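Just the one chain here, laid out as structure tokens, in the form deposited in one PDB entry.
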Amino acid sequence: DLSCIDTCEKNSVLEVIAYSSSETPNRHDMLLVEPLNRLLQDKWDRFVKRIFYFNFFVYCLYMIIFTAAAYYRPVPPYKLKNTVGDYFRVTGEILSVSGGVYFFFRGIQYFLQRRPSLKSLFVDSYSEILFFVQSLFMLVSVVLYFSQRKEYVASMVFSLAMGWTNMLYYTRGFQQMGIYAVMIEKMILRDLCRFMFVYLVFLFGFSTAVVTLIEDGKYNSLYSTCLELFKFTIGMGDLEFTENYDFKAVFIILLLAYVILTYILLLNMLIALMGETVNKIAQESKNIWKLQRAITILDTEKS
């Protein structure tokens, strides 16, 4: 029976389960129940699949237009000339700004309605806050643009990179790619910080040590030697990037100590983030993705 499960007009079980924050203990598998799973599957298949594909197509086309507008930028503001190229450029950047403001307004109204928990804003509403950040970046870009500064290009490239990386949102509706995106989100929020809480301190400590040792030269600045030490993580280290110093035994010892420590540090990261292999990762990701698809279904229904 479907009575007050969706259309109570006050509170529906599906709505409450969907919009429940991290406070709700057993949410992720709360949809495992058969009455909620079949209903959501039927609704999706019936119309939300088509609506979602249409929205994804429109968004991708928007991103292509924005990319084309940004790539061929003039080398502000710049007065449009009489040419097909100029007309297309102007209309493309107008459309990009029009998308930026629309995203801004959607994010504002979502924030006003939900009033997030002020602690779950990152673990929950990750995608929405990312979209809002993109909108803010582009809005500041245009503000700088019309303020006669050259930092609009910086704020535009930031927004464009954000937007391109935000295409993972639309993997939803696909089983495996959606699960893959869920695993990226979860692993970011879990270890991205934890793993680098010990890697950044190692890098900074050894960078300060080395730069103190280097008496004079090009690399006598903390930033340059920080980059040089970092380059080891890219598998591009030098081991002799400088020669202006004394006691080269100390320098070599420090460099090798850094190498060994960071390699066991990448050994610890790669292994300790094993997650819940087999034991409880073959169902947990599937449940999280199903929950997120339910969120999408409800939002597209109501919108």
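One-based numbering along the sequence shown. Under this definition, the rigid core comprises the largest set of C-alpha atoms superposing within 1.5 Å between the forms.
The next section is about a form of this same protein that is not shown, the form deposited in another entry.
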With the two forms superposed on the core, which of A68, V58, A272, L256 shows a CA shift of 2 angstroms or more between this form and the one not shown? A272
Note yes or no: does the Cα of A282 move by 2 Å or more between this form and the one not shown after the core is superposed? yes
If the C-alpha spacing of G275 and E128 moves by 3 Å or more in the other entry, is that a move closer or farther apart? farther
With a shift of at least 3 angstroms, figure out whether the C-alpha spacing between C226 and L267 grows or shrinks in the other entry: closer or farther? closer
